[PDB]
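Student: A structural model of the following input is requested.
(2 chains)
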2 protein chains.
Amino acid sequence: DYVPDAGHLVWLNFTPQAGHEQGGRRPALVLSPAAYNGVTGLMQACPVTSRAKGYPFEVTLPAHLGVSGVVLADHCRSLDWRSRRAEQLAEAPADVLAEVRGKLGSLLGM
Amino acid sequence: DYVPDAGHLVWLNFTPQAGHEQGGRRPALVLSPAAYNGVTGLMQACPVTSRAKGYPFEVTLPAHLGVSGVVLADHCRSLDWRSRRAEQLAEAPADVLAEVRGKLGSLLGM
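Tutor: Numbers count the residues shown, from 1 in each chain, chains lettered A, B, ... in the order given. Now the structure:
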């Protein structure tokens, strides 16, 4: 009965995807709250990749979480987290969630 | 040489998708700016349906844009717009963009 909540890092399959969208099973930083995620079966989450290109939209995860890679803030997507088999991994610190949101917000024109 | 820009309504294939994610070929409201869209080949956009479910995160498109329906603000996702074959259709008015952004921002925890 796990419902991802905002700030959770979950393992999720980003496949299926198209083109340059992130694919593959990897952590994902959940941005939407569990109340939405649980009522819809969807969530907004950003994939984490170990193939960091060092660009500013990549938000690094503190080593303490045990989740390698960077959050690709700009790659946030509406995801069916049951279909994509979300599995809880960890919880990101508030500052990572704030940085990802600020960067994604700038991308979305907020 | 079209690069989608923020506020554009484009026709796009939301397939491939998983599960409850919005699929199908339909309009999309682009939120991210062309500078990003053109450098990455990705964009953040929300799907449009001409058949509203009647929920608050739908944002109705005004008449006379030649694209009708509602923008599903909560279904925004990072999309490879070349893979999904974005075709420019129209430009949404600033108030639609702002309402979509405000709704999506609430979803994303901003």
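Student: Determine the longest helix present in chain A.
Tutor: Counting by DSSP state H, the longest helix found in chain A is helix A:94-107.
Student: What residues sit buried inside that one?
Tutor: Within helix A:94-107, the residues that count as buried by 16 or more other CB atoms under 10 Å in any protein chain shown are A:96-97, A:99-101, A:103-107. The C-beta positions use only the backbone N, C-alpha and C, and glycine is treated the same way.
Student: before we move on, what about stretch A:32-41?
Tutor: Result for stretch A:32-41 [16+ other CB under 10 Å]: buried residues A:32-34, A:36-38, A:40-41.
Student: so how far is residue A:92 from residue A:5?
Tutor: Residue A:5 sits 11 Å away from residue A:92, going by CB to CB, to the nearest Å.
Student: what does residue A:57 give?
Tutor: As defined by CB to CB, residue A:57 lies at a distance of 16 Å from residue A:92.
Student: what's the answer for residue A:42, then?
Tutor: As judged by CB to CB, residue A:42 and residue A:92 stand 19 Å apart.
Student: Tell me the residues of chain A that contact chain B?
Tutor: Proximity of chain A to chain B, by CB under 8 Å from any CB of the partner chain, involves residues A:6, A:13, A:16-22, A:31-33, A:36, A:40-42, A:44, A:74-80, A:82-84, A:97, A:101-102, A:104-105, A:107-110.
Student: can you tell me which of these are in helices?
Tutor: A:36, A:40, A:97, A:101-102, A:104-105, A:107.
Student: Need the max-distance pair from those.
Tutor: Spatially, the most separated pair among those is A:40 and A:102, at 24.4 Å (CB to CB).
Student: From the contact counts, what lies against the lengthiest strand in chain A?
Tutor: Taking DSSP state E as the criterion, chain A has its longest strand at strand A:42-49. On a contact count with 3 or more CB pairs under 8 Å, 6 or more residues apart in numbering or on different chains; DSSP states H and E, strand A:42-49 meets strand A:8-13, strand A:25-30, helix A:34-40, strand A:70-72, strand A:77-80.
Student: Ranking these by mean neighbour count, which comes first?
Tutor: Greatest average neighbour count among the helices and strands packed on strand A:42-49 goes to strand A:70-72 (a mean of 28), per mean count of other CB atoms under 10 Å in any protein chain shown.
Student: Which strands and helices lie in contact with that one?
Tutor: Strand A:70-72 makes packing contacts with strand A:42-49, strand A:58-60 when contacts are defined by 3+ CB pairs under 8 Å, 6+ apart.
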